[PDB]
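Below is one structure, written out as structure tokens, with a few remarks after it.
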Amino acid sequence: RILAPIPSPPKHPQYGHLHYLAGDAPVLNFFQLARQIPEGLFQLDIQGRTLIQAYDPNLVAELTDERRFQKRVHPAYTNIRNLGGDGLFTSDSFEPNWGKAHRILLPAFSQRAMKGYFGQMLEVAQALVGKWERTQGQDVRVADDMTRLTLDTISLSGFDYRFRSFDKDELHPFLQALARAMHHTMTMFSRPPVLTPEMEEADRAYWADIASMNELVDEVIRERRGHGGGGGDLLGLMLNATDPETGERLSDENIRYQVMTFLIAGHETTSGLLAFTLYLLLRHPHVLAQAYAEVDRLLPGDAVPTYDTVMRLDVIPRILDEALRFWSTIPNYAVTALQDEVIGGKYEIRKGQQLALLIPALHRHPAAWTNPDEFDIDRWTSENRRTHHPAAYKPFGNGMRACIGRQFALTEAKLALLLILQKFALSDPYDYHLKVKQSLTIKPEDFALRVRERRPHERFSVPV
Ligand code: HEM
């Protein structure tokens, strides 16, 4: 109009910008376009909508300003809200139950709260190690076993339910329902207006699944309020805690939604972090050797780790942070424009437009990361960490709407890597070619490794 236009790449009357949306992982197509447009952002004119991907660290520092751009439930989250409800992940900050749930749960997710969950985390991690011990020489299904690990951990810490997912290949009917529900939610975005016979019955089953999950969690709540409530659990906490400002408690409906919300937002994000980390250690095996050495200094023999142990880790935490930089598992979350705004002093953003953070480009943008495409766990160290661009690492969201579960997922995954590397030697039997699938989150699809028990003489410890 009087300033610069956002760059748009055109490709034939055949197709359009729509080809950039096909495939298992569109965010990766966006990443390929961001490497060839150094301006810092681009736009796709899809039919009926405009999508703006931003990745320059200074343009992102602008989009991070909650005074101008904020999370907005409408469009993007409206389907996932079918089962997220008004819980933390699928509500706007100005809805009463967001402020309430935030102010109540924030302390229960703090780093100080983690020690109290460590027992349950360790139970689930040892279950996983057991399954792999019992199947040495068999193909380990990495995505699936991490899904099990984290789904079980967040259920056990979230409402003290044990799905015992390492006892049997079949998942509990509740988790099968969760799985079907989530996938239907992701396909609901592509809605052909004519509804096929099978689509209408898909929807019937969809709300039936949502109902059967609501039913199990409603019953757990009923049965523990009957026993006096007050477990040392996220559900135990929500049954009793009062909001510091409103003085009231969460409703029963909101508590069921927060439990569903823990499951939605916490299982595939964390399991993907672990799937990817294992892939990266397999393709950067000198780092994996460093990890082995850390494990053999702190967990020699059949030592059983404590929360303290996890806290004294160094290699494994930085492996995890750098892994998040390569493959952040929620890669394309959008901020909405509160008012018409001008970014970089250059581009024209109309009120209510979605700016998707292209996390892959941002985390690998060479302006902020010398040698962007190379794995260095030493980038994260106290001193080198302070040298990073302050808006270019955003694996856990932004501001008021940043992931509450960060410390939960990071302690869970430190523990997982610790116990796995303690007991197992990893092998890649098939030349795994990374294959990314995107839903709410991105994750490796057909990853298979093999494990042997580590022989005593293969530990880098100091003898008894
Ligand atoms: C590595 C694992 C995880 C990563 C990378 C991650 C990342 C993120 C990101 C990027 C967001 C922002 C979403 C948006 O603004 O649209 C978010 C939100 C959220 N995540 Fe996580 N998350 C992880 C694990 C977890 C876990 C384990 C929990 C709890 C069990 C959790 C609970 C939440 C919640 C409640 C929100 C909404 C925050 C609010 O509105 O107050 N996340 N997460």
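Numbering (the working numbering), first residue to last: 16 to 479.
Ideal Cβ placement from N, Cα and C applies to all residues, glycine included.
| Query | Result |
| --- | --- |
| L370 vs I169 beta-carbon contact at 9 Å | no |
| Nearest neighbour of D218, chosen from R82, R298, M203, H34 [CA to CA] | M203 |
| Euclidean distance between Cα positions of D391 and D160 | 27 Å |
| Own chain, CB closer than 6 Å to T257, minus 5 neighbours either side, in chain order | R264 |
| Cα-Cα separation, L293 to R470 | 21 Å |
| Test item: CB-CB of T79 and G359 under 9 Å | no |
| Exposure label - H378; buried when at least 16 CB within 10 Å | buried |
| Closer than 8 Å: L103 CB and nearest the ligand HEM heavy atom | yes |
| Under 9 Å between C-beta atoms of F133 and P375 | no |
| Residues near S205 in its chain [Cβ-Cβ closer than 6 Å; skip 5 each side] | none |
| Selection from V451, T456, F462, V477 that minimises the alpha carbon distance to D39 | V451 |
| Close Cβ partners of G367 (< 7 Å) along its chain, the five nearest in sequence each way excluded | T351, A352 |
| Cβ contact (3+ pairs, closer than 8 Å) linking the stretch 420 to 436 and the stretch 134 to 143 | yes |
| Whether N347 touches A116 by CB criterion (9 Å) | no |
| Under the three-state DSSP convention, the category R327 falls into | coil |
| Buried versus exposed call for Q58 [16 or more other C-beta atoms within 10 Å across all chains shown] | buried |
| Start-to-end residues for the beta strand (DSSP E) that takes in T165 | From DSSP, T165 is part of no beta strand (DSSP E) but of the alpha helix (DSSP H) over 157 to 174. |
| Any non-hydrogen atom of the ligand HEM closer than 8 Å to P410 Cβ | yes |
| Limits of the alpha helix (DSSP H) - the one that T276 falls within | 267 to 298 |
| beta-carbon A424 near the ligand HEM non-hydrogen atom, thresh 8 Å | yes |
| Of the listed residues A308, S343, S227, nearest to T284 (C-alpha basis) | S343 |
| Cutoff 6 Å; reference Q305; Cβ partners in own chain excluding five residues on either side | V330 |
| 8 Å CB neighbourhood of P405 in its chain, flanking five on each side removed | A76 |
| Alpha carbon of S397 to alpha carbon of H403, nearest angstrom | 11 Å |
| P20 beta carbon less than 9 Å from that of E363 | yes |
| Check whether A428 and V466 have beta carbons under 9 Å apart | no |
| Stretch-stretch touch, CB-based, cutoff 8 Å, three pairs: the stretch 271 to 284 with the stretch 101 to 118 | yes |
| Cβ-based burial, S266 [other Cβ within 10 Å; buried from 16] | exposed |
| From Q153, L190, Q151, residue whose alpha carbon lies closest to that of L164 | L190 |
| Inter-residue spacing [alpha-carbon to alpha-carbon] between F174 and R16 | 54 Å |
| Complete runs of the alpha helix (DSSP H) confined to the stretch 310 to 397 [at least 4 residues] | 322 to 326, 330 to 341, 374 to 378 |
| Distance, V42 Cα to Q453 Cα | 8 Å |
| Inter-residue Cα distance where the pair is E389 and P72 | 19 Å |
| heavy atom of the ligand HEM below 8 Å from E427 C-beta | yes |
| Per DSSP, the bridge partner or partners of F104 | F104 pairs with nothing; no bridge assigned. |
| Proximal residues to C418 (C-beta, below 7 Å), its chain only, five neighbours per side dropped | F411, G412 |
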